[PDB]
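One chain follows as structure tokens, the form solved without the DNA.
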């Protein structure tokens, strides 16, 4: 157990870079080439990638496909992640019907709401809206890893606290508020994205 696993930030950088090389059609890449694309010392790259042994190598370079597969494996890309969605409104339902994430390994196995007129209706094929009163019990019983928050800002922090109390490991947050929890959070906010976009549009003017 001597050659060390590369640290997370490195692995993620390799992974995204290898992903580009794959889209480009590159089968073999050298450490020197990785050094230039990643702005990272070639000796470090070789040290890192030696973790994968001869399997990682093809010819005078590295097997782009082998490394993409192996690093993805370490990063949980081959894991089937279990999600729940809280909020069965516009956004929640859209996420429940977003089929392509299912291809990629993200499985929504429950969706919850507090509205009696929503509970019991189908949010998506094979997915029935459950009473949010059951959220903690369900997240614990099914070992749910990711909670998607799709409720209005007013109840987002409360929902987030219930999820982490129930053992959620990460949260994807669509509510227009910054949630404060111990677990990692990724936010999606179409308005924030639009503000970034429009700043860049205006910035082009000289």
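Residue numbers count along the first chain shown, from 1. We call the rigid core the largest set of C-alpha positions that still match within 1.5 Å between the two forms.
- Higher average CA B factor in the deposited record is what I'm after, so tell me if that's 162-170 or 28-36. Taking the mean C-alpha B-factor of 162-170 and of 28-36, the larger value falls to 28-36.
- Mean CA B-factor: is it higher for 51-59 or for 141-149? So the stretch with the higher mean C-alpha B-factor is 51-59.
- In this PDB entry, which of 87, 125, 72, 110 has the top CA B-factor? Across 87, 125, 72, 110, the entry lists the biggest C-alpha B-factor for 125.
- Message: How does the C-alpha B factor of residue 132 compare with the rest of the chain: lowest, middle or highest third?
- Response: According to the entry, residue 132 has a C-alpha B-factor in the chain's lowest third.
- Task: Within this chain's modelled residues, let me know which third the CA B factor of residue 16 belongs to: lowest, middle or highest.
- Result: Within its chain, residue 16 is a middle-third residue by C-alpha B-factor, going by the deposited values.
- Ranked by Cα temperature factor within the chain, is residue 82 in the lowest third, the middle third or the highest third? For residue 82, whose C-alpha B-factor we compare with every modelled residue in the chain, the answer is the lowest third.
- residue 42 by Cα B-factor - lowest, middle or highest third of the modelled chain: Top third by C-alpha B-factor.
- Task: Just say lowest, middle or highest third for the CA B-factor of residue 202 relative to the other modelled residues in its chain.
- Result: Residue 202: CA B-factor falls in the middle third of its chain.
The form solved in complex with the DNA is left out here; the points below concern that form.
- Triple contact flag 30, 41 and 59 to the DNA in the bound PDB entry, non-hydrogen atom at 4.5 angstroms: Yes, the whole candidate spot contacts the DNA.
- Query: Out of the stretches listed (134-142, 153-161, 169-177, 43-51), which one is close to the DNA in the bound PDB entry, meaning heavy atoms within 4.5 Å?
  - Reply: Single hit among the candidates: 43-51.
- Message: Given a core-based superposition, decide whether the C-alpha of residue 185 shifts by 2 Å or more between the shown form and the other one.
- Response: Shift of 2 Å or more: no.
- Task: Determine, after fitting the two forms on their core, whether residue 103 shows a C-alpha shift of 2 Å or more between the shown form and the other one.
- Result: Yes, because once the rigid core is superposed, the C-alpha of residue 103 moves 2 Å or more between the shown form and the other one.
- Query: Would the C-alpha of residue 54 be classed as shifted by 2 Å or more between the shown form and the other one after rigid-core alignment?
  - Reply: Yes.
- Message: Between the shown chain and the other structure, the Cα gap of residue 101 to residue 170 differs by 3 Å or more. Is it closer or farther in the bound PDB entry?
- Response: Distance between the C-alphas of residue 101 and residue 170: longer in the bound PDB entry, by 3 Å or more.
- Note on residue 125-residue 101 C-alpha separation in the bound PDB entry, which departs from the shown form by 3 angstroms or more: It is closer: in the bound PDB entry, the C-alpha atoms of residue 125 and residue 101 lie at least 3 Å nearer than they do here.
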